[PDB]
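Undergrad: based on what follows, work out the 3D shape:
(chains A, B, C, D, E, F, G, H, I and J)
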Amino acid sequence: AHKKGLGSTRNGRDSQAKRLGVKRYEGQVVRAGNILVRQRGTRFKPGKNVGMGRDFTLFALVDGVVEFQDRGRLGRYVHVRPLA
Amino acid sequence: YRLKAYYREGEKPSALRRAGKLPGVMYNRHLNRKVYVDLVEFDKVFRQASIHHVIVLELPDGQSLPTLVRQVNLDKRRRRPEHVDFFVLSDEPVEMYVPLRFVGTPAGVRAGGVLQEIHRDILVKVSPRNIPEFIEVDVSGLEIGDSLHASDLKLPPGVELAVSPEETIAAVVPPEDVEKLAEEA
Amino acid sequence: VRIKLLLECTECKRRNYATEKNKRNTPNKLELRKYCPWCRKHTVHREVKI
Amino acid sequence: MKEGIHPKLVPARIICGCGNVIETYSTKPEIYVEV
Amino acid sequence: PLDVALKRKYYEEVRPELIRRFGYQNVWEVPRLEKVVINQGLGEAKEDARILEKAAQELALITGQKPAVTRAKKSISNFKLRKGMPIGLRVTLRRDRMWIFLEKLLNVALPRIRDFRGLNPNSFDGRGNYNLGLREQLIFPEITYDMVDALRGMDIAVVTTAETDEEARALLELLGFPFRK
Amino acid sequence: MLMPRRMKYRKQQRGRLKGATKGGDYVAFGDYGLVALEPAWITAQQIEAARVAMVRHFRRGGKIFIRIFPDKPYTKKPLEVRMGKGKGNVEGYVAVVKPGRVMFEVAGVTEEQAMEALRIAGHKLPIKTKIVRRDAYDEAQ
Amino acid sequence: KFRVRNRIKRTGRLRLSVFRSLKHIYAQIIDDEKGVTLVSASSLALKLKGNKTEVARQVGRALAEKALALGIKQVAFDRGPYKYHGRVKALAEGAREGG
RNA sequence: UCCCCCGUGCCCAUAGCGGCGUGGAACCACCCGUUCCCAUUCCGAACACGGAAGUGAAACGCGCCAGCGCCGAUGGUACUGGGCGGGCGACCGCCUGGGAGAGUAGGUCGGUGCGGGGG
RNA sequence: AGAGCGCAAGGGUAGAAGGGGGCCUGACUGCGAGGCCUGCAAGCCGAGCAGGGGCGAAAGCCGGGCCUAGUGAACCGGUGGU
RNA sequence: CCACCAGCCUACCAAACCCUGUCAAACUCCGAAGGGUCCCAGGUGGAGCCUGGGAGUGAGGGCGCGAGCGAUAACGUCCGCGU
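TA: Numbers count the residues shown, from 1 in each chain, chains lettered A, B, ... in the order given. Below is the structure:
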């Protein structure tokens, strides 16, 4: 069969990939503390009564409804309407 | 020159083709509907004029509406005609390509080196009253490694230009003799 | 990591603690800066031991 | 020219080499040169 | 409002000649003067400390004011100090003391340059300014042999309202600049 | 014979080939043109052999333009060495060719000349072809 | 160019937008929600004293009273290029606790 | 309720860029001064502060133009839910509903909401 | 915005994270709703409330670090201490 | 072929830019059919939900399009949705 040389490797590696993305979409109710966006960068900058933290995360600040937003010369945004 | 014409409707594209007639479209500042015509005669006419000269399509509506072509979108696979666009003429400012006529065999040519042209049609704005059939331009004595561009070409008065015109119109370059096998070394 | 070393901070007047870290290469001697005690209020805290 | 340690001004001359009596004003008070 | 030769003669020669020749129809539009800046690029302070900055203040201490040193950008391993903290001398001059510079410039600095056929014209921005310098440093008034170590050049500048060449040169005929032409 | 010049990743995935050709389906350049009908690779070896074949046929010719470019690795492994272990080695550089794609154009010759040139050269190509003139497509940047 | 959204650093809730010229102060109280403004006073555009500073003091102070005169407690302080020199209205009197 | 300037908000570049013209009787800007508050890693350039006879140059505000940059129909091809084929294979065709990209005509030098100072 | 954003990559970034100085030490303690993630055990997000502070006139943010690597259950025992 | 430094000059090669076509899993101005998912409603089905005891499982294979490996070889292999 002739098993002489065979060029090995040093490549195969990845990541215990955490699940990142828009956790809570619009029309969704939050009790504050519920995070709506797990992102790496700021693809979703804070909205009204939505906060951000150390890992760039849009989470809830009240009990209302997630509302989506875009602002070309300012970025994309995710908010929470009051529901009083 | 003359071709027929046919008012199109809400009939499926594929069928019109695999029946007998290629489909089309026309638009001018405001006038936009859908149209179509025969294949074989259309192909005949096109092979002459196309986006060089003027078309005149007498349409089953009573008139004889004359257009230019514009864009020849095809199927690419086994490439061949399949729906064009038409441009309803007038007298207003319009850019379009004019097929040019490189006349006369230069000195770069006959020395061996052959013309490797750039264009065979130049973009130029004109009033639709001027018909620059074809600028039968010079190319009297192009040399090898020699070029010509800009407003160098004669332009029929009125028929303006529409590039830079530093757009190089053409040039002559070396052949490819068997001495290019010695290059293989 | 070790050789750059780690240390805890201790108050004055006897005890009060926290859990921090150091670094030697920069001409650093007595690591000394503010914090808070369990009992009472704001105090210094001096570098100490392991 | 505010700040503080600013190296000053004051009038200077130019007792040149042509009988020249030039009126100047600079950091040093007694300047004289050539032309 | 401390007036001297170049300032007063700025008023007198400039206004008429300038407008009557070039046609300026605006009080604050006349191709006046703006800042005048001097600069020293010494790559010698790779180390050297501010013992060689004593030579840097030396430069601006004879021009009147207190100099400010800057530094450098990125890596020049081919020629040492990269990180960018050796020396970069700059001083900006407004009206009055700027007029001091221009004065001492035209009066005595230029004289004892031996090979002086006049200044280098072509060095005009085109967008409307002028940039040069010199070699022999001690040509300046308040500095005799003692101060300097060996040799040291300099890079001056002149910022002006000037938008063309000729108006700038004429501006330097009314403000009087010894050219080679 | 063409390839890049050391760039990004060396090894890449061959993949299946559809047939939209994405583009490149008229003359614009030369005057007579060889275009293909079978979705395959063009081989740098072949590429050169065909370019030659043309040149060869017509001594002291004109200018033969090459539109397609052979810039894809041949992931090839050694012989009788058992599976797994590493990908392969980048080898034989080729290109994606999807039918209805211009690959070479002849300009400034006889009719007969470009006929037999494109004929023989493409006859040497890894597949078979069609040879077209220059007209029905005019107007395309 | 003191944009920086010094606005945002004060866009906690409820602004008070003021700015100066060569000679005239422009003290205004802007409420957001839809964009509706509210309360005004101007050093040399209320037809007042011609000494920038003190007028401004009084003018803010004028406005200051005006604030509480129409139901105002605490708001923000929209000022661009300040160098913080108080403008000793600073609306510190200014009901609001400007300072 | 209106025609103009200013402090300021909303859409997101049909608002930006650029040649032309421009208005200051109030607003606005340069500009007058650098001694009192303040500060330039140096300059009163910048922020700062007390202030005129000028100016409308710039900055800016407004109008015209498309020249850059921006948006961009219509048609038809791509690609494809889901449904049936044909070829050893590399791959190809019919059905239905969805429906781009690039380009073609054309279009664009903004839209609007607030609060004061003017007639 | 193509540079710097400590070090690999990717997202992100001047309407600042970058870069300058002043001040300081919240690289807090006692907790912690409601979440991300999820076979378990781990890891990851954070307002808020009390203390008592640092900065700023304030408005305000501060429970380390632009973000994701820089790590080790338990048993054993040393350590200062109640 | 002159210098305080200049000037004009090629079928050699070549920074960039421009025109002429084009290439891409780790390139992206654009970007669908799909897909995931939060509310309005139909939906009565060995549906779905909640505690609770007993499990057995954890060598799989085939077929279709979808990507990798392989040589666009293997009744080859390793995943994806589907059967």
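
Undergrad: and stretch F:49-59, what's buried?
TA: Counting neighbours by 16 or more other Cβ atoms under 10 Å in any protein chain shown, one finds that the buried residues in stretch F:49-59 are F:50, F:51, F:52, F:53, F:54, F:55, F:56, F:57, F:58. C-beta coordinates here come from the backbone N, C-alpha and C atoms, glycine included.

Undergrad: from the rest of the structure, what touches it?
TA: Contact with stretch F:49-59 is made by B:176-178, B:180-181, F:61, F:64, F:66, F:104, F:106, F:109, F:113, F:116-118, F:120-125, as judged by Cβ atoms under 8 Å, 6 or more residues apart in numbering or on different chains.

Undergrad: gap between it and the chain center?
TA: Between the mean C-alpha point of stretch F:49-59 and the mean C-alpha point of its chain there is a distance of 14 Å (Cα atoms, centre = their mean, to the nearest Å).

Undergrad: indicate whether it makes contact with RNA strand J.
TA: No. With Cβ under 7 Å from any atom of the strand as the measure, stretch F:49-59 is seen stopping short of RNA strand J, the closest distance being 14.5 Å.

Undergrad: over to stretch E:135-153?
TA: No. Using Cβ under 7 Å from any atom of the strand as the criterion, no contacts between stretch E:135-153 and RNA strand J are found, and the smallest distance is 11.9 Å.

Undergrad: nearest to the spatial middle of chain E, which residue is it?
TA: For chain E, residue E:156 is the residue whose C-alpha lies nearest the centre (Cα atoms, centre = their mean; 3.2 Å).

Undergrad: hang on, that one packs against residue E:140?
TA: No. Distance between residue E:156 and residue E:140: 11.7 Å, which falls outside the contact criterion (Cβ atoms under 8 Å).

Undergrad: who touches the nearest residue to residue B:26 once chain neighbours are set aside in this structure?
TA: By the measure of Cβ to Cβ, 6 or more residues apart in numbering or on different chains, the closest residue to residue B:26 outside its immediate chain neighbours is residue B:86, 4.1 Å from it. Listed by Cβ under 8 Å, 6+ apart, the contact set of residue B:86 reads B:24, B:25, B:26, B:27, B:35, B:55, B:57, B:67, B:68, B:69, B:70.

Undergrad: try residue G:66
TA: Listed by Cβ under 8 Å, 6+ apart, the contact set of residue G:66 reads G:39, G:40, G:41.

Undergrad: what about those residues, which are in strands?
TA: Under the assignment DSSP state E, those contribute G:39, G:40, G:41 to strands.

Undergrad: what is the three-state secondary structure of the spatially closest residue to the last one that is not a sequence neighbour?
TA: By the measure of Cβ to Cβ, 6+ apart, the closest residue to residue G:41 outside its immediate chain neighbours is residue G:63, 3.4 Å from it. Reducing the assignment to helix, strand or coil with DSSP: H, G, I helix; E, B strand; the rest coil, the entry for residue G:63 is helix.

Undergrad: pull the number of nearby residues for residue G:63.
TA: The local packing count at residue G:63 equals 28, with neighbours defined by other Cβ atoms under 10 Å in any protein chain shown.

Undergrad: same check on residue F:43?
TA: The number of residues packed around residue F:43, counting by other Cβ under 10 Å, is 19.

Undergrad: cool, residue F:25 as well?
TA: The criterion is other Cβ under 10 Å. On that basis, residue F:25 has 22 neighbouring residues.

Undergrad: how close does the residue sitting nearest the centre point of chain C sit to residue C:39?
TA: Central residue of chain C (Cα atoms, centre = their mean): residue C:9, 2.5 Å from the mean position. When distance is defined by Cβ to Cβ, to the nearest Å, residue C:9 is 16 Å away from residue C:39.

Undergrad: now stretch B:11-27: how far from the chain's centre is it?
TA: For stretch B:11-27, the gap between its own C-alpha mean and the chain's C-alpha mean amounts to 23 Å (Cα atoms, centre = their mean).

Undergrad: look up the closest residue to residue 24, ignoring the ones flanking it.
TA: No chain was given, so I picked chain A. Beyond its immediate neighbours in the sequence, the residue positioned closest to residue A:24 (Cβ to Cβ, 6+ apart) is residue A:36, lying 3.9 Å away.

Undergrad: try again with chain D
TA: Computed as Cβ to Cβ, 6+ apart, the closest residue to residue D:24 that is not its neighbour in sequence is residue D:12, at 4.4 Å.

Undergrad: who touches the strand or helix carrying the one you found?
TA: With secondary structure defined by DSSP states H and E, residue D:12 is part of strand D:11-14. Contact with strand D:11-14 is made by D:20-33, E:107-108, E:141-142, as judged by Cβ under 8 Å, 6+ apart.

Undergrad: tell me how far the residue of chain B found nearest RNA strand I lies from residue B:155.
TA: When you check chain B against RNA strand I by Cβ to the nearest atom of the strand, the closest residue turns out to be residue B:164, at 24.9 Å. Between residue B:164 and residue B:155 the distance, using Cβ to Cβ, works out to 14 Å.

Undergrad: between these two, which is the more surrounded one?
TA: Neighbours of residue B:164 and residue B:155, each counted by other Cβ under 10 Å, are more numerous for residue B:155; the result is 17 against 10.

Undergrad: helix or strand: which one has the more buried one?
TA: Applying DSSP H and E as the criterion places residue B:155 outside every helix and strand.

Undergrad: so what's the closest residue to it other than its chain neighbours up against?
TA: For residue B:155, ignoring the flanking residues on the chain, the nearest one in space by Cβ to Cβ, 6+ apart is residue B:161 at 6.3 Å. Residue B:161 is in contact with B:122, B:124, B:125, B:151, B:155, counting by Cβ under 8 Å, 6+ apart.
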